[PDB]
Amino acid sequence: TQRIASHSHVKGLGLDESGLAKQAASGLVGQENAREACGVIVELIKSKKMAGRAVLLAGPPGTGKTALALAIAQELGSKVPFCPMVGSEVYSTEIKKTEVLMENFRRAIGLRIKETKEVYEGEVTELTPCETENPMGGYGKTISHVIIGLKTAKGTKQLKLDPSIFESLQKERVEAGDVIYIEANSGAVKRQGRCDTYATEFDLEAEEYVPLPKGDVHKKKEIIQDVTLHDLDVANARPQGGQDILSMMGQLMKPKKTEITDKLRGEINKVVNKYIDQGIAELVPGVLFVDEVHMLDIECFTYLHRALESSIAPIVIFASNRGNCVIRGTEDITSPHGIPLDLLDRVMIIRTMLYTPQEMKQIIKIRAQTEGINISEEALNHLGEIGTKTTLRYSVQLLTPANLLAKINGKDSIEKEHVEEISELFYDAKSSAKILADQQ
Amino acid sequence: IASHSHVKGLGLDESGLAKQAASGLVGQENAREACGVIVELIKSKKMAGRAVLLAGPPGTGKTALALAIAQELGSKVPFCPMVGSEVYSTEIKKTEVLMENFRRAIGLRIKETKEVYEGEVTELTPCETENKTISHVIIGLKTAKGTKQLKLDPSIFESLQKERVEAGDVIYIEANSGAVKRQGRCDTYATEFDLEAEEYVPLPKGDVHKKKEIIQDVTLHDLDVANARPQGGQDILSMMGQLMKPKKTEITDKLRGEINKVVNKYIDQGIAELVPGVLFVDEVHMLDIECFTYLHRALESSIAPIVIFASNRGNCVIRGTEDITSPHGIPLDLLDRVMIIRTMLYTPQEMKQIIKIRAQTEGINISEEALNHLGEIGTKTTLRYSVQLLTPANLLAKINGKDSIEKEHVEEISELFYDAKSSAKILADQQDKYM
Amino acid sequence: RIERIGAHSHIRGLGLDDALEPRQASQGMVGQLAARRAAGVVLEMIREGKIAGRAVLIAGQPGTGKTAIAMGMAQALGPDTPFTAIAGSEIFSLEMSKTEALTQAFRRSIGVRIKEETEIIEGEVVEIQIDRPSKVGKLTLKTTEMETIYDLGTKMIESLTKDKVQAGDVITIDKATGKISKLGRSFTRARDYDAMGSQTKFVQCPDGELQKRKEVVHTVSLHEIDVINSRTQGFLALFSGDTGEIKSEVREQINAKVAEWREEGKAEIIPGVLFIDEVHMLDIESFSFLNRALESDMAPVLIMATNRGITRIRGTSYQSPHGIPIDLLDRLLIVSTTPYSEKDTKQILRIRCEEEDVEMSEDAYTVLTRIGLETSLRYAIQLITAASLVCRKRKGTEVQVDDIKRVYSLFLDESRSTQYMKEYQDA
Amino acid sequence: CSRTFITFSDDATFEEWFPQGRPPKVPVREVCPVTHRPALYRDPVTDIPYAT
Amino acid sequence: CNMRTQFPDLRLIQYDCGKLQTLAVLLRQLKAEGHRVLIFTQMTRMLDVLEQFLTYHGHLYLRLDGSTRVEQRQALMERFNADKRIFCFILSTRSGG
Amino acid sequence: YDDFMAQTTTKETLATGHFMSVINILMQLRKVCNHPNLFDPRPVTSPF
Amino acid sequence: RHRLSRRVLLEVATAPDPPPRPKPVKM
Ligand SMILES: Nc1ncnc2c1ncn2[C@@H]1O[C@H](COP(=O)(O)OP(=O)(O)O)[C@@H](O)[C@H]1O
Ligand SMILES: Nc1ncnc2c1ncn2[C@@H]1O[C@H](COP(=O)(O)OP(=O)(O)O)[C@@H](O)[C@H]1O
Ligand SMILES: Nc1ncnc2c1ncn2[C@@H]1O[C@H](COP(=O)(O)OP(=O)(O)O)[C@@H](O)[C@H]1O
């Protein structure tokens, strides 16, 4: 279990097979038009065909922009990357604004890579070479194979390797009675330690007296690892390793870290294309969600032209809040949603509506249901009535403190008295604004 | 490849008077002979911190003249081109960029002798001793003219090991630097194996141990940097040239101090010659008021180079002030410290022969009717635009199978492309459509 | 393999003839004849390459194919010539100055190519034998025409052992450096397969002479040489743009060395293109730098694009056309793109839905052209795919008028959005 | 096929390094002589194994 | 190592010398026709750098000197006058000409 | 070429010389005109 | 717990401790 947050109740866009909404499917109520619209863009994501497509969720605050923006994330499931960022995260000390944008852009493109690996392990009981006829003149002792016997908790089996493994085995310095690891395709021998059946009884040694392996001597499995392109980029930019004194940039943390196209494109898109066209990996192009996009700079908005016009881009959901508003970083240029007209020409706009009282009663009920509150129909109606006067979010937020008053007062559910009490302990924005307007 | 190529001198006579059309420059007589005085001021090596301002409208040759000064001086003296915009660094103080650019406009031509050991190394032995590190390494070397033996430092042994030398292969050592190179195996050994990872080279020639005199040239800035962030060679302070290595605000204590002392010490013991050059701050009109006010102290210094400024503005606001405005965009305090050279705006005939010189510089044949038409375009729009039409018109000429530009060629090209003046009316008519 | 269709995937280059004559809708580009012909002229001058630092500004309305023309030039120019595309706002770094960023953008679009003949041994390993002692051995190699045998020196034995190569591997030896590179398993490289091992990675063995001489080209951008010479770390070239290159004896030193290589013929200089999109985002300091960066003989041609006309320049309060000072504007040839005719709009939509692999009815084309002529072309391009998804959700075969009308109701176009913004949200 | 041999054409002793032997660690859980728990310690002065 | 000391290339011996540059161009153009060439030069130790220059281009050659003993002179002339697959004959202008 | 042909000693030798010395001038010019490691090998260049 | 008071160290400053006898083995 985990703590309840603002959007813990939304579990999907709530769409039936024709792509409509009944009235309140999967934790969202109302907004049928907007939920249908981003129902289309969910399938735009699932088809994996388009790049850099962008949609702007535009409406008043509290009209579910964030809610259905991440209901999209619920519809897509955890398989595809859904990368959230707020419009204020772009301003950074270490790295240029547009570089944050590029990092987030290909942080939203996933790559899930499937690879079987197959392994042999066990306590090694036999280690005998196999002599053969002299390949050339009479030196004797021509080793053609080497027999190695491995024991696990399942059974004991003997195995023939070619002599190169005899050399590697000796160079790994394994002994009879310890536990090894052999990787069939690659050919490695790794000593994972003397077998615990030869127990540490008075040995204090730190080298692992490793328990006898469970399961078969031979075991294979398809490892399935999903990485974002940004993970590959970062791992190539500042790599690990105990050598190459540059790798001892280890006291230092990592400023200056704007990644380079030569690497980004020239060295890292080729390997992804290779793995994809080889049958090793699948691209999972995801979503980049930018809420409060109005906080971006004019330089950022203009960079998004180029970024959204790329073939190697996710689809981008923007959410905005402001009216016709001054673009940040400009000298008094006013434009809709605080976003330059130039970028608005590039986004399909989804309009979110302001709720009716009925819809607000439904949302209040769902939020009470989610936070674990029991609420009487009278208290629910009163929350609805005081929530028609002020914002939905305040109406919803009164639930938990009112429930605490109920619990203190010994009640099992919110009686109307408690919502009345809380609505006088705490104010909303509008009431407080009136107080401030009265007193100086 | 060309750009400002046509000009290769100021085009002056033995009397230092402008020849009206010579050496690639076909106008600007007063300005060009004033630049003659300036080149004589530079070549006398007598003055420090004198400053010139080439001032006039855009495209009036005030960069052609400034680069023709660089050609008149030759490649022997330093000429440092700089754009004003270059002072706004992230890694170093704004005034520091400027004061280091002064330092690399002053050259220093200095003669060095460095000792060389080279040849096939016929034998090696490290001198072992108790401390319990190595004391030295003994070596023997062979060349097409002789053979010798020597003792070498542990650092040189270390670099020989970095190189992985072997007995019977060719090496080179520059003992003042301490640097080493393994140059391969000798050609004679190429038969030793049918396949090898080696490279085989014939034996070195001349003496196994030799010296020669090399006339380097550096700038005062190079000495400054060499002491501020040393390569050093023979130390592990590569750890300072690493996990750090940025630009630093290196300071008077050495820049005006130690470096000046050692350079004078070289000069007045005959090892070096000072060669003051030119710092050409182009687009000076957009330095900061801080930079302009620092140039006061820079032009008044007794060690400074000759500074040529180029400016392009009317009287406008100085960058960094936001209130006060001044001619050429330069504060009157600095404008009092410079000699101002006017550059004139070209008449149609001067402009026409610039077109011709430009055309013949990049191998374009143009008929005189088309040349006259480009002159008309030039006076209608601007010199630089009609000059720029030349190459596109030659491409259309090649495509039409012609070997030279003709009238309808420049008409087509002047129709596809617009100038700044002719695009503004398009933007003004349909004002609320472009944004 | 997966580089999804973006906004510009459909244009495979400028649809010009052998005489730089633009076709109406050939090679993915539609209409826009005059500007496309101008782009062709400057593309041919890019290819010829003998003039440095020439500059072009593609001006025009928002949406009239400026970026389409630029990427058409990029596609028609192809690889092996540097095309560096940059947005004007990319040069505002925290790690380096505006002018260092612009120098690096310029230099990243000049290539230096060193072309060298070198002799190799290419063969299928028939045997390798090697003894511990100064270890020593022999190697026998085959090509479809012949076989031969080599005695191996110690360094060669070491490098062969470092790759674990064995019989049946098909390999190259660079006779100058001795690095082995198994291209794969010859059909005689099959293991005994009595126990598990390496997979069946088979490939054909080589033909002709066993030892042969072939050409190798080492191409690096001028920025790339510059970076890797800047300081001993140098993997900067991939790490990040962490720079601030010292002008002192790296610009002049690289220029002189590359000019010497060009003159003596060791290297060929391949000047490319720098495309600055949304160049109006540059600062007056940036434009001031461009002035004299263009006036150089290691300057590529640079192309620029801008949507806006008479408006103040960034970093100051000076009005000017295109938002560029008439100082830099005087170094340019300006190519203005025009708005689209109804037939050009219809044909762009046709090509664009062909790229997106969606069928539409002619009435759907009619209404969508009407939409994209009343509102804006980009919106009509966005309705293609949305209507396609609406269509496929009803299991339709092709996009019909009702699909486009529905999805038009479903998404807004910034005109209807501003109209609906009559609610005073957070002004 | 492309099979591999390693021949110890030298003194067979160099092969004799590897084969034969392969013993276990003979000891097993020792029981203390007082509480008859399995031992955790061995006294340095007697070498007797013990638990408590 | 490279960043602290610059040594002469020594590999492409046509570097400083425009004579060898134009000769490389000329021989490359003639190779398509394959009709073989005599390269005369005095200065016995200049034949050395021609001998190196032709290996850099992979041309099969042989060369004739005042130092080549008599029977070898006849053998070289026979193995070129009556043998193809050799492209080039480097020879001294006096001893060979 | 232009360095050698302009040196004080070569100017003097071309002004007066007992034949063989001026023939040595133009034969040193054989050297520098044919290829320069006849005349002088290109130096290793190294920081001051 | 094992804080070494002034007392215990003044105590170990008393007469010396005797030597061990580890040689024997009986199991
Ligand atoms: N359609 C909806 N269904 C259910 N709950 C909603 C809906 N819209 C809003 N809410 C609730 O109201 C809150 C306000 O919506 P939200 O999207 O966060 O505001 P904004 O639109 O300003 O981002 C949400 O946190 C959520 O709890
Ligand atoms: N007197 C002249 N003679 C020949 N060419 C000239 C002359 N003046 C200018 N030009 C050409 O015209 C261009 C404009 O002059 P320039 O020095 O750029 O002026 P500014 O630096 O003020 O823009 C030069 O780049 C050069 O090619
Ligand atoms: N000439 C053209 N040929 C084909 N498609 C075009 C053309 N002009 C515009 N388009 C389409 O219209 C959209 C807008 O073009 P774009 O180049 O982005 O305009 P600008 O960059 O000038 O604002 C692009 O996504 C492209 O698909």
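Quick check, is B:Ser85 within 16 Å of ligand 2 (Cβ to nearest atom), under 30 Å from C:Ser93 (Cα atoms) and not in a strand (DSSP E or B)? So B:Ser85 passes the test. Per the listing A:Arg107, A:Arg35, the residue uniquely buried (at least 24 other Cβ atoms within 10 Å of the Cβ), among the charged types (D, E, K, R) and either away from ligand 2 (no atom under 16 Å from the Cβ) or closer than 26 Å to A:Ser395 by Cβ (or both) is A:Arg35.
Among the conditions (1) touching a strand residue (DSSP E or B) at 6+ places or on another chain (Cβ under 7 Å); (2) outside any loop (DSSP other than H, G, I, E, B), the only one that A:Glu75 does not satisfy is (1).
Residues that are within 14 Å of another protein chain (Cβ to nearest Cβ) and either in contact with a helix residue (DSSP H, G or I) (Cβ under 6 Å, 6 or more places away or on another chain) or within 16 Å of ligand 1 (Cβ to nearest atom) (or both) within the stretch B:3-46 comprise B:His4, B:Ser5, B:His6, B:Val7, B:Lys8, listed in sequence order. Scanning the stretch A:368-382 for residues that are crowded, with 20+ Cβ neighbours inside 10 Å and within 13 Å of ligand 1 (Cβ to nearest atom) gives a single hit, A:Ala368.
Criterion applied to C:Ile310, C:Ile254, C:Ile269, C:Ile334 was being among the β-branched types (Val, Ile, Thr), facing another protein chain (nearest Cβ under 9 Å) and farther than 26 Å from C:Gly72 by Cα, and the one residue passing it is C:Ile310.
With respect to (1) under 30 Å from B:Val307 (Cβ atoms); (2) in a loop (DSSP other than H, G, I, E, B), the lone exception for B:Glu350 is condition (2). The residue that is surrounded by the fewest Cβ atoms within 10 Å (Cβ to Cβ), counting only those in the stretch C:33-53 that are more than 19 Å from B:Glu412 (Cα to Cα) and either within 14 Å of ligand 3 (Cβ to nearest atom) or within 7 Å of chain B (Cβ to nearest Cβ) (or both), is C:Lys50.
Would you confirm whether any residue within the stretch C:24-32 is hydrophobic (A, V, I, L, M, F, W, C) and at the interface with chain B (Cβ under 7 Å from one of its Cβ atoms)?
Kept after step one, since they are hydrophobic (A, V, I, L, M, F, W, C), are these residues of the stretch C:24-32: C:25, C:29-30.
Then drop every residue that is not at the interface with chain B (Cβ under 7 Å from one of its Cβ atoms), which leaves none.
Scanning the stretch C:24-32 turns up no residue that is hydrophobic (A, V, I, L, M, F, W, C) and at the interface with chain B (Cβ under 7 Å from one of its Cβ atoms).
Of all positions in the stretch E:54-77, at least one carries a residue that is surrounded by 13 or more Cβ atoms within 10 Å (Cβ to Cβ), out of contact with any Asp or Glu (no Cβ under 9 Å at 6 or more places or on another chain), within 14 Å of another protein chain (Cβ to nearest Cβ) and part of a loop (DSSP other than H, G, I, E, B).
How about the stretch C:323-402: which helices (runs of 4 or more DSSP H) wholly inside it have at least 2 residues that are within 15 Å of ligand 3 (Cβ to nearest atom) and in contact with an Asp or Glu (Cβ under 6 Å, 6 or more places away or on another chain)? Before you say what the answer is, go through the steps one by one.
Numbers: elements: C:342-355, C:362-374, C:377-393.
By residue number, C:377-393.
Among the residues of the stretch C:222-244, count how many are part of a helix (DSSP H, G or I) and either within 10 Å of chain A (Cβ to nearest Cβ) or in contact with a strand residue (DSSP E or B) (Cβ under 9 Å, 6 or more places away or on another chain) (or both). So the answer is 10.
Can you pull out the residues in the stretch A:13-24 that are surrounded by fewer than 20 Cβ atoms within 10 Å (Cβ to Cβ) and more than 15 Å from A:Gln369 (Cβ to Cβ)? Walk me through it before giving the result.
We begin by selecting, within the stretch A:13-24, every residue surrounded by fewer than 20 Cβ atoms within 10 Å (Cβ to Cβ); these are A:16-20, A:22-24.
Answer for the stretch A:13-24, where residues must be surrounded by fewer than 20 Cβ atoms within 10 Å (Cβ to Cβ) and more than 15 Å from A:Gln369 (Cβ to Cβ): A:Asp16, A:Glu17, A:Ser18, A:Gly19, A:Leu20, A:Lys22, A:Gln23.
State the number of residues belonging to the stretch A:170-209 that are under 41 Å from the mean Cα position of the chain (by Cα) and not charged (D, E, K, R). Summing the residues that are under 41 Å from the mean Cα position of the chain (by Cα) and not charged (D, E, K, R) in the stretch A:170-209 gives 15.
Is it the case that the stretch C:67-85 has a residue that's more than 24 Å from the chain's Cα centre (by Cα) and part of a loop (DSSP other than H, G, I, E, B)? Walk me through it before giving the result.
Our first condition is that a residue be more than 24 Å from the chain's Cα centre (by Cα); within the stretch C:67-85, this holds for none.
The answer is no, given that none of the residues of the stretch C:67-85 is more than 24 Å from the chain's Cα centre (by Cα) and part of a loop (DSSP other than H, G, I, E, B).
Summed over the stretch A:258-301, the residues that are in contact with a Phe, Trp or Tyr (Cβ under 7 Å, 6 or more places away or on another chain), part of a helix (DSSP H, G or I) and either more than 8 Å from chain C (Cβ to nearest Cβ) or hydroxyl-bearing (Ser, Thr, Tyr) (or both) give a count of 1. Filter the stretch A:310-331 down to the residues that are more than 16 Å from ligand 1 (Cβ to nearest atom) and buried (at least 19 other Cβ atoms within 10 Å of the Cβ) and list them by number. Of everything in the stretch A:310-331, those that are more than 16 Å from ligand 1 (Cβ to nearest atom) and buried (at least 19 other Cβ atoms within 10 Å of the Cβ) turn out to be A:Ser310, A:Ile312, A:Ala313, A:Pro314, A:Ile315, A:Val316, A:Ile327.
Within the stretch B:309-328, residues that are within 13 Å of chain C (Cβ to nearest Cβ) and more than 9 Å from B:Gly56 (Cα to Cα) reach partners that are away from ligand 2 (no atom under 16 Å from the Cβ) and of a type in the set (D, E, K, R) with beta carbons closer than 6 Å, at six or more positions or on different chains, in the pairs B:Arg319/B:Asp288; B:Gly320/B:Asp288. For the stretch A:301-314, state whether one or more residues are away from ligand 3 (no atom under 15 Å from the Cβ), more than 18 Å from A:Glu89 (Cα to Cα) and not aromatic (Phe, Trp, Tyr). Yes; the residues of the stretch A:301-314 include at least one that is away from ligand 3 (no atom under 15 Å from the Cβ), more than 18 Å from A:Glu89 (Cα to Cα) and not aromatic (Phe, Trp, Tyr).
Check the stretch A:74-82 and report whether any residue there is within 16 Å of ligand 3 (Cβ to nearest atom) and farther than 18 Å from A:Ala319 by Cα. No, because not a single residue in the stretch A:74-82 is within 16 Å of ligand 3 (Cβ to nearest atom) and farther than 18 Å from A:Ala319 by Cα. The single condition among (1) more than 14 Å from chain B (Cβ to nearest Cβ); (2) surrounded by fewer than 18 Cβ atoms within 10 Å (Cβ to Cβ); (3) touching a helix residue (DSSP H, G or I) at 6+ places or on another chain (Cβ under 8 Å); (4) aliphatic (A, V, I, L, M) that C:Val216 does not meet is (3). Listed by first and then second residue, the pairs linking a residue in the stretch F:18-47 that is within 11 Å of chain E (Cβ to nearest Cβ) to a residue that is surrounded by 14 or more Cβ atoms within 10 Å (Cβ to Cβ) and among the acidic types (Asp, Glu), with Cβ atoms under 6 Å apart and 6 or more places separating them unless they lie on different chains, are F:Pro36/E:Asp16; F:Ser46/B:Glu174.
Within the stretch B:398-411, count every residue that is assigned to a helix (DSSP H, G or I), more than 9 Å from every other protein chain (Cβ to nearest Cβ) and over 37 Å from the mean Cα position of the chain (by Cα).
We begin by selecting, within the stretch B:398-411, every residue assigned to a helix (DSSP H, G or I); these are B:398-399, B:407-411.
Checking which are more than 9 Å from every other protein chain (Cβ to nearest Cβ) leaves us with B:407-411.
With the extra rule that they be over 37 Å from the mean Cα position of the chain (by Cα), the set shrinks to B:407-409, B:411.
So the answer is 4.
If I ask for residues that are among the polar types (S, T, N, Q) and surrounded by 12 or more Cβ atoms within 10 Å (Cβ to Cβ), which ones from the stretch A:206-257 would you list?
A:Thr228, A:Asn236, A:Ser247
Among the residues of the stretch C:1-56, which ones are part of a loop (DSSP other than H, G, I, E, B), over 30 Å from A:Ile45 (Cβ atoms) and either of a type in the set (S, T, N, Q) or not assigned by CATH to the domain that holds C:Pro271 (or both)? If the condition is that a residue be part of a loop (DSSP other than H, G, I, E, B), over 30 Å from A:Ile45 (Cβ atoms) and either of a type in the set (S, T, N, Q) or not assigned by CATH to the domain that holds C:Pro271 (or both), then C:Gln24, C:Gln32 are the ones that fit. The lone criterion from (1) within 30 Å of B:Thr63 (Cα to Cα); (2) within 13 Å of ligand 3 (Cβ to nearest atom); (3) part of a helix (DSSP H, G or I) left unmet by C:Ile303 is number (3).
The values are calculated or read from the model by the stated rules, or taken from the named source; nothing here is a laboratory result. Because the Cβ atoms are built from the backbone with ideal geometry, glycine has one as well, and the counts that use them run over all protein chains shown.
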